[PDB]
Amino acid sequence: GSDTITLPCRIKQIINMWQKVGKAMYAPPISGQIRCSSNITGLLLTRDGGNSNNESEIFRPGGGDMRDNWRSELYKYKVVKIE
Amino acid sequence: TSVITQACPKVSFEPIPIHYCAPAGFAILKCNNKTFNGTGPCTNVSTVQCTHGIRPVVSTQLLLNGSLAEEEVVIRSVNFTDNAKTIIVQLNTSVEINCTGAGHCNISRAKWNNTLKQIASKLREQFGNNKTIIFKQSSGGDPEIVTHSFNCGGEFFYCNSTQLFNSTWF
Amino acid sequence: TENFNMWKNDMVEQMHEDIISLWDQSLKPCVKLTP
């Protein structure tokens, strides 16, 4: 009928930075109605190895290099030197 | 080992579509090939003053609020052979993921299982004629890597996604 | 026409630095980085 994929989620305050190799801590929430509605537009995967060209291929979620996030939008572009 | 104590403030982070235009004596060349696939000699192409409305969303394993493929699901990687390299996937249709600070994110079961078989219709083998495609979840590593981490309403969410990547197809 | 593009950039390195510098001005924490 209306089967939805419920994913357990957690709000952390101490995080490993994505900018550079660091750690950061933010204040706890103040709002009691944090609400987001995003549109999955993609996926960033990775494949299991040691089974090259064989019958199965395992693919797991990935991410981490935020560059790979800009790359998905900028792929079709390029800067050429103009006179 | 630099520690910095700033007046940690409760602000609200909002994404402003960023347009990137031509930098100095350079020119931006947009490839118009509806299904341009990464590296290669783009046939249909043209100069532009600025790219397009790019929404800088920081998050893991799931690209959100961005550009979709206008034709079919297109994947891209530097080397589809080296298992160590990230494979980006551009989706055909958008999927929704509604989340709240109350600890959960729900996404339509049907909508997402469909995109899975679509992505499955072309994995590593390279749109391979056929073989078994398996979706498992993260092997391990940082919380931001092992879970769909993102900044929702200013706060940092770490959504457990074992349920999105745990299935088998052919 | 008939040009070349790839898994390199345009604004990948640029944008990355704009966004890193955008986050800094916005979401301020209490940082800790290792030199």
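The rules behind each value
- Residues numbered from 1 in each chain as written, not as in the entry; some residues may be left out.
- Chains lettered and ligands numbered in written order.
- Part of a larger assembly, values for the part shown.
- Heavy atoms only, no water.
- Disulfide = S-S within 2.5 Å.
- Helix = DSSP H or I, 4+ residues; strand = E, 2+ residues; numbered from the N terminus.
- Buried < 20%, exposed > 50% of the residue type's maximum accessible area, 1.4 Å probe, protein only.
- Contact = heavy atoms within 4.5 Å.
- Buried area = accessible area lost by both parts, 1.4 Å probe.
- Salt bridge = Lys/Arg side-chain N within 4 Å of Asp/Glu carboxyl O.
- Polar contact = N/O pair within 3.5 Å; in protein donor to acceptor, adjacent residues only side chain to side chain.
- Nonpolar A, V, L, I, M, F, W, Y, C, P; charged D, E, K, R; others polar.

If you check the header, you'll see the entry was determined by cryo-EM and the resolution is listed as 20 Å.

Per the PDB record, the entry is named "Molecular structure for the HIV-1 gp120 trimer in the unliganded state".

In the nomenclature of the PDB entry, chain A is known as HIV-1 envelope glycoprotein gp120 of Hiv-1 m:b_hxb2r.

Draft legend 1. A look at the state of the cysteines. Residue and element names in this part refer to chain B. Scanning the model with the defined rule gives 6 disulfides over all chains in all. The disulfide partner of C21 is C50, and the S-S distance across this bridge is 2.0 Å. One quick way to see it: the torsion about the S-S bond of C21 and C50 is about 90 degrees, and its sign makes the bridge right-handed. Remark: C50 occurs in the loop between β4 (45-48) and β5 (74-76) and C21 occurs in the loop between β1 (2-3) and β2 (26-31); sequence separation between them is 29 residues. Here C31 pairs with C42 through a disulfide, and the sulfurs are 2.0 Å apart. Handedness of the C31-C42 disulfide follows from its S-S torsion of about 90 degrees: it is right-handed. Here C42 lies in strand β3 (residues 40-42) and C31 lies in strand β2, a separation of 11 residues in the sequence. Residue classification places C31 among the buried positions, given a relative accessible area of 4%.

Draft legend 2. Structural detail: the interface of chain C and chain B. Counting from both sides, the interface comprises 25 residues of chain C and, opposite them, 33 residues of chain B. Regarding the contact of chain C and chain B, the summed buried area is about 2700 Å², with carbon and sulfur atoms giving 67% of it. Counting across the chain C and chain B interface gives 0 salt bridges. Summed over the shared surface of chain C and chain B, the result is 7 residue pairs in polar contact. For the side of chain C that touches chain B, the elements supplying multiple residues, two or more each, are β1 (3-5), α1 (12-26) and β2 (32-33) of chain C. The element contributing the most residues to the side of chain C that touches chain B is α1(C), with 7 residues. Of the residues that constitute the side of chain C that touches chain B, the class distribution is 14 nonpolar, 6 polar and 5 charged.

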